[PDB]
Amino acid sequence: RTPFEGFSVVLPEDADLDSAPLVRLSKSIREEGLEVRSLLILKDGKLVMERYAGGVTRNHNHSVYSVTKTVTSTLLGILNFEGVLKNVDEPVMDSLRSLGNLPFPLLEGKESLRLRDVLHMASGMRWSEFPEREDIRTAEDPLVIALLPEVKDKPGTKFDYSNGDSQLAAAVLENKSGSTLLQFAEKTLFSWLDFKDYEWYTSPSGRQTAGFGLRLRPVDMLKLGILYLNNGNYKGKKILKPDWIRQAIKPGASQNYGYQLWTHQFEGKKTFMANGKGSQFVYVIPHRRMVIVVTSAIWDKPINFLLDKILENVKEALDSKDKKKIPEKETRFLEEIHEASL
């Protein structure tokens, strides 16, 4: 029960959760052979489950893949809080021209793209049809790769899940901040939330990749969720404007995609999440004051499989009549968590 970087560590029952469905969840993960490295559940500010796999400890980091997109959006949010980024309708082109060193053929046809359009994965650049889309992972300059395609659909109208759009969003951040993604994060988000043992893929150009490449501790993923849960406040420090969060969670071109994050529902009520391939999640449930964090290596199932499983059992934990603290229940809980660790 020793507090962990601000967080009280408690039994599910201490936060009005039945531990039994959480034990069943953890057992089901094991016996279905699901490679879940971390599963953290926070409720009412208390860390009620902290499940690590064999070899994984509190201080290990994990590739978070598309969770990186949400971090990118958060950093733009911070620029908005600081007043530097006034308006999501400003053309991305203003930032591209200001950065410079970008040949005109990369810029041609992109004069209408708004920051909103790239945040929404709605640039109109058909990333899904761009044969060299994987080059953003290895090229000298990811921004150059992001600018190779032409704008074909009216910006803001067509959803196409794109690392290129994330990178164009990051260009706005670079121009307005004077810093790369990681540089700005270390001045702001990562400093303010006391992140530890993070790493972010840095291309030869010095630019980070906006859509992927960040590695984080699960506890740091949890803090990112807390920041949104508390409407842009972390431990009494204002970091995001409420208006920014409101816009960020509003569906754009896709009925379920805001500013580099997904909307969802739990108990019929609006929720939202960062997520990444292989089943990485930062899942925020405002009406229950909960954040759920997951890192995994599940490559043979869609990410909704693990998400739905977790949410089913969390619902059972909330609805259960059996919420009394009983030594037998503590032991089965602690023993299952131990087993998962082996």
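The figures here come from the full heavy-atom set of this structure, side chains too, leaving out hydrogens, waters and symmetry mates. For this chain, numbers begin at 1 and follow the sequence in order.
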Taking only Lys NZ, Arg NE, NH1 and NH2, and the carboxylate oxygens of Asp or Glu, determine whether [X] and [Y] approach each other closer than 4.0 Å.
X	Y	answer
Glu336	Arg332	no
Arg126	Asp153	yes
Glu90	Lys176	yes
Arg137	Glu134	yes
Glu150	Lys110	no
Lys46	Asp14	no
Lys27	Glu339	no

Is there a side-chain contact between [X] and [Y] in this structure, where contact means two heavy atoms from C-beta onward sitting under 4.5 Å apart?
X	Y	result
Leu106	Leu143	no
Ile292	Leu39	yes
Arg116	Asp89	yes
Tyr283	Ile285	yes
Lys329	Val23	no
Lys241	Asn80	yes

Are [X] and [Y] joined in one hydrophobic group, where the rule is that I, L, V, M, F, W and Y side chains link up if heavy atoms are under 4.5 Å apart?
X	Y	answer
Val84	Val88	yes
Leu99	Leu148	yes
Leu119	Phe81	no
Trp262	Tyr65	no
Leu107	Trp127	yes

*Positive for side-chain contact (heavy atoms from CB on, under 4.5 Å) with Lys309, one of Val36, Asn304, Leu34*: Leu34
Distance check, rounded to the nearest 0.5 Å: [X] atom [atom1] versus [Y] atom [atom2]?
X	Y	atom1	atom2	result
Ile29	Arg24	CD1	CZ	13.5 Å
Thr209	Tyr201	OG1	OH	6.5 Å
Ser179	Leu173	OG	CG	7.5 Å
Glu111	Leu96	CD	CG	10.5 Å
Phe333	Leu11	CZ	CG	6.5 Å
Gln265	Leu311	CD	CG	9.5 Å

Does either side chain, that of [X] or that of [Y], offer a donor lying less than 3.5 Å from an acceptor on the other one?
X	Y	result
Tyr161	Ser128	no
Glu267	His287	yes
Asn59	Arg217	yes
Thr72	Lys69	no
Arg51	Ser26	yes
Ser279	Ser296	no
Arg289	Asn230	yes
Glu199	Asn61	yes
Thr70	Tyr259	no

Which atom names give the shortest non-hydrogen contact between [X] and [Y], and what distance separates them?
X	Y	answer
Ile136	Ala146	CD1-CB, 4.3 Å
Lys324	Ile326	O-CD1, 3.2 Å
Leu240	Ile78	CD2-N, 3.6 Å
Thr271	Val284	CB-O, 3.2 Å
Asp165	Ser123	OD1-OG, 2.6 Å
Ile303	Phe281	O-CZ, 3.4 Å

*side-chain contact (heavy atoms from CB on, under 4.5 Å) between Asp243 and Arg246: does it pass, once the steps are laid out?*
CA-CA 5 Å; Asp243 285 322; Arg246 177 182 47 77; 3.3 Å; yes
*So, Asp117 side chain and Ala122 main chain: donor-acceptor pair closer than 3.5 Å or not?*
no
*Check: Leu25 main-chain N/O paired with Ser28 side-chain donor or acceptor under 3.5 Å*: no
Crowding at [atom1], [X] (>12 non-hydrogen neighbours, <6.0 Å):
X	atom1	result
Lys269	NZ	no
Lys152	NZ	no
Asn101	CG	no
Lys235	NZ	yes

*Between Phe7 and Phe4, how do the two ring planes meet: parallel, tilted or perpendicular, split at 30° and 60°?*
perpendicular
*Can you check side-chain contact (heavy atoms from CB on, under 4.5 Å) on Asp18 and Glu13, steps first, answer last?*
CA-CA 6 Å; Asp18 180 2; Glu13 286 80 0; 4.1 Å; yes
*Determine, step by step, whether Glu140 and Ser203 satisfy the side chain to side chain donor-acceptor pair (under 3.5 Å) criterion, reporting the C-alpha distance in whole Å, the side-chain angles of both residues, the deciding distance to 0.1 Å, and the verdict.*
CA-CA 6 Å; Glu140 291 183 39; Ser203 67; over 6 Å; no
*Could you give me the CA-CA distance, side-chain angles and deciding distance for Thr180 and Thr202, then say whether side-chain contact (heavy atoms from CB on, under 4.5 Å) is met?*
CA-CA 10 Å; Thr180 66; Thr202 306; over 6 Å; no
*Compute the centroid of each ring, for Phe272 and then for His264, and state whether the two points are separated by less than 6.0 Å.*
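Centroid distance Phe272-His264: not below 6.0 Å, so no.
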*Could you tell me if the ring centre of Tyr257 sits under 6.0 Å from that of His120?*
no
Below 3.5 Å, can you tabulate the donor-acceptor pairs from side chains in residues 187-197 to any protein atom, sequence neighbours excluded?
residue, atom, partner, partner atom, Å
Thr188, OG1, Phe184, O, 2.8
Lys196, NZ, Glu5, OE1, 3.1
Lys196, NZ, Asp194, O, 3.0

*Out of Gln208, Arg207, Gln183, which residue meets the side-chain hydrogen bond (donor to acceptor under 3.5 Å, both in side chains) rule with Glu174?*
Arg207
*Could you walk me through whether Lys315 and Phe266 pass the side-chain contact (heavy atoms from CB on, under 4.5 Å) test, one step at a time?*
CA-CA 8 Å; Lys315 180 57 169 158; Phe266 183 75; 3.9 Å; yes
